[PDB]
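Only one chain is included here, represented as structure tokens and corresponding to the form deposited in one PDB entry.
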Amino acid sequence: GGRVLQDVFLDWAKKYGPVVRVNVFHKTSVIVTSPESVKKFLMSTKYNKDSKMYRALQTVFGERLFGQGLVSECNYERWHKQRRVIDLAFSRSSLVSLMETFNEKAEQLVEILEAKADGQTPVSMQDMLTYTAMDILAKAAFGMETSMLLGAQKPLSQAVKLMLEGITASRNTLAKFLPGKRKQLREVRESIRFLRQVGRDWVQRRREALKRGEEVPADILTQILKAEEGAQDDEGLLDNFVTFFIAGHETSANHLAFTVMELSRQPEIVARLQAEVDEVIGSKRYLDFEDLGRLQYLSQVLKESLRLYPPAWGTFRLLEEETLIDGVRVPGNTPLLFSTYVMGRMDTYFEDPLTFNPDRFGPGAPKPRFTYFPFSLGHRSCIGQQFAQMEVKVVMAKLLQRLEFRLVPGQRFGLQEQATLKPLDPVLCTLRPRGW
């Protein structure tokens, strides 16, 4: 069964009102599920991330993973310094110029799949979408080619896989430390060091090029380095390398996987997606930036996919002074937990919440008001939002143009939780070419 901790929180939120104490963490924390509260705490620089919660990202099993990178830096000043600089890499011109990378990798994904489109060969969409998102990220952020889509870098994607399973366990055990052997523990440490070392090398390869007076176009890497000029160590730079290395591919992959998974049982939705893709791009191969804006219906489908299946389920702020929240006195020094997964599944905020219905986001439908935030909100919202929404439309658009998917019998629709929420089963499918 693929219930996650988020599902328990949901149960408790429906039953116990909009402020609920939990005791699964470092502390009595409080899960906060009223829209007004979401607005209050997220939409204000006055509230900041809980350093105690994000320590699980800082280091893992004694090994430095995300450090004080852009996600896990809780101190506002130190965080604003990083964010000002790194923001330059996500300008509109910065993103428009990634379209070629997004197209190249999307195209390459589809060809690999058309090569397997006999209707018998089982293919892990979760693996495939992961390879694609990784190849996009490496090229787009770091100027490097991983070619996982071409069977390359098996150790790299092994290190990522273990690091992530490692995060799952780093939360837990829990009496389960006698059974789950030292093998897993040191493999995770190995993996985490593998990742930092890839960072060291790609920082090297980059510095080498600049030293030969070579011309390097402005980059996420360019901006992470610049955020680090003056530092005694490269250690704050590696934090940011690893953060972007994982954040910039894993959750885009989960989102793609959930979308393909859910679409496999929504034939009407699929037909309408096909109809839209036919009129916007036809059978043309490259999608321009202007084309993405016109995939209106595809936007709604993805928004709806993020409402039921948000990979990044929420966030935590620290409540420093005792405050009254929805009629409940909550003491100072208390961690607040926000969940877009929880709120998206409450019939209080969404009629018939288990029905996948993209019309909820149709033009003219009032936007959800603090009941939906798959990219978080306020100052600590996702820097990579537009980047993600772009690449995901590029991939999904191409799949829809050329392929049809059928989920392999015995594949489940349920969730697991690693660093993020993702499908429990890979998304094993057989494929045919569109029109069969």
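One rule holds for the numbers: they count along the sequence shown, beginning at 1. Between two forms, the rigid core is the largest collection of C-alphas that superpose within 1.5 Å. Residues that one form lacks are left out of the comparison.
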message: Can you check if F350 is missing its coordinates in at least one third of the other PDB entries compared, counting only those that model the residues either side of it?
response: no
Absent coordinates for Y286 in a third or more of other compared entries: no
309-317 versus 289-297 - greater average Cα B-factor per the deposited record: 289-297
- prompt: Would 330-338 or 229-237 have the larger average of its C-alpha temperature factors, as given in the entry?
  reply: 229-237
- request: Compare the CA B factors listed in the entry for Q386, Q401, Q68, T59 and report the winner.
  value: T59
- line: Scanning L150, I269, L162, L256 for peak Cα temperature factor in the entry gives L162
- line: Temperature factor at the Cα of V203, chain-ranked in thirds, falls in the highest
message: Where does the C-alpha B-factor of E36 rank in its chain, lowest, middle or highest third?
response: lowest
field: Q411, C-alpha B-factor rank within chain (lowest, middle or highest third)
entry: middle
message: Quick check for you: using the entry's CA B-factors within this chain, is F194 in the lowest, middle or highest third?
response: highest
query: Can you tell me which third, lowest, middle or highest, the CA B-factor of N23 falls into for its chain?
result: highest
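The discussion below concerns the form deposited in another entry, not included here.
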field: Only residue that shifts (Cα, 2 Å or more, rigid core superposed) between the shown form and the other one, among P267, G151, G282, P179
entry: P179
query: Using the core for the fit, does the CA position of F25 change by 2 Å or more between the shown form and the other one?
result: yes
Change in CA distance between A175 and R55 in the other form, which is 3 Å or more, as closer or farther: closer
statement: Checking the C-alpha spacing of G180 and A253, a student should find that in the other form it changes by 3 angstroms or more, with the atoms farther
task: Note down every stretch of 3+ consecutive residues with C-alpha shifts of 2 Å or more between the shown form and the other one, superposition done on the rigid core, in sequence order.
output: 23-28, 172-181
